[PDB]
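Each chain, letter by letter, is given below.
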Amino acid sequence: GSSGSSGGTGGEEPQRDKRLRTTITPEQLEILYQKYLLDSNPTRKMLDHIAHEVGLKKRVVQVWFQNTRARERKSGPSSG
């Protein structure tokens, strides 16, 4: 049970746009794949940020990771 943060700076309006879609894009995946390869065990915080920079439904970005892992771990390597 530990904590302790600091603050002191005016905030700014949130970010809203009609870009958030259910399905993923071939231009967004790249970012996800690159972020996954380097980080396959990210925390809610990361998932939130990444999904914010890539512009993809946080949920879709969060699950997309948990799903990929299961596959990677699932015995049975595929050599392309």
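Residues numbered from 1 in each chain as written, not as in the entry; some residues may be left out. Heavy atoms only, no water.

As stated in the entry header, the method of structure determination is solution NMR.

*Asks:* For this particular structure, what's the right way to read the pattern of salt bridges?
*Replies:* Here the idea is simple: oppositely charged side chains can pair when their charged atoms come close. This model, assessed by the stated rule, comprises one salt bridge. With a closest N to O distance of 3.7 Å, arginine 19 and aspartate 17 form a salt bridge. Taken as a pair, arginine 19 and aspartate 17 share a single burial class, namely exposed. (Salt bridge = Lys/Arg side-chain N within 4 Å of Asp/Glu carboxyl O. Buried < 20%, exposed > 50% of the residue type's maximum accessible area, 1.4 Å probe, protein only.)

*Asks:* Looking at this structure, I do not really get helix 2 (residues 44–54). What am I missing?
*Replies:* Those residues of helix 2 that fall on the buried side of the exposure criterion are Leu47, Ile50, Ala51 and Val54. For helix 2, the arc enclosing every buried residue in end-on projection is 100°, short of the 170-degree limit, so these residues lie on one face. Counted as exposed and oriented over 90 degrees from the buried face of helix 2: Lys45 and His52. Looking at the packing, one finds that the buried side of helix 2 touches helix 1 (29–38) and helix 3 (58–73). Positive phi appears at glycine 55, one or two residues downstream of helix 2, with a value of about 75°. (Helix = DSSP H or I, 4+ residues; strand = E, 2+ residues; numbered from the N terminus. Arc of directions from axis to C-beta. Contact = heavy atoms within 4.5 Å.)

*Asks:* Any chance you could explain the side chain of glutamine 62 here in plain terms?
*Replies:* Positionally, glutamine 62 belongs in helix 3. Take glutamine 62: its relative accessible area is 16%, and that puts it in the buried class. What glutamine 62 contacts, discounting residues up to four positions off in sequence, is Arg44 and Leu47.

*Asks:* Can you help me understand the packing of helix 1 against helix 3 in this one?
*Replies:* Two quantities define a packed helix pair, namely the angle between the axes and the distance from one axis to the other. One way to put it is that helix 1 packs onto helix 3 with a least axis distance of 11 Å and a crossing angle of 55°. Overall, the two elements helix 1 and helix 3 adopt an arrangement that is oblique. Considering how the two elements wind past one another, helix 1 and helix 3 form a crossing that is right-handed. Facing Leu29, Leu32, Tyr33, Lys35 and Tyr36 of helix 1, the residues of helix 3 in contact are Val61, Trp64, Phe65, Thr68, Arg69 and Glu72. Of the residues in the contact of helix 1 with helix 3, the class split is seven nonpolar, one polar and three charged. (Axes fitted to C-alpha atoms, helices over the stretch in contact; angles between N-to-C directions. Parallel < 35°, antiparallel > 145°, perpendicular 65-115°, else oblique. Left-handed = near helix turned anticlockwise from the far one by under 90°. Nonpolar A, V, L, I, M, F, W, Y, C, P; charged D, E, K, R; others polar.)

*Asks:* Would you explain helix 3 in this entry?
*Replies:* Since the α-helix turns once every 3.6 residues, residues separated by three or four places project in the same direction. Compared with the 22 Å implied by 1.5 Å per residue over 16 residues, the 23 Å span of helix 3 between its first and last C-alpha is a close match. For helix 3, the full list of buried residues reads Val61, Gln62, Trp64, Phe65 and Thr68. Across the axial projection of helix 3, the buried residues extend over an arc of 160°, all falling on one side. Away from the buried face of helix 3 by more than 90 degrees, exposed residues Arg59 and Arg71 are located. The secondary structure elements touched by the buried residues of helix 3 are helix 1 and helix 2. (Expected span 1.5 Å × (residues − 1).)

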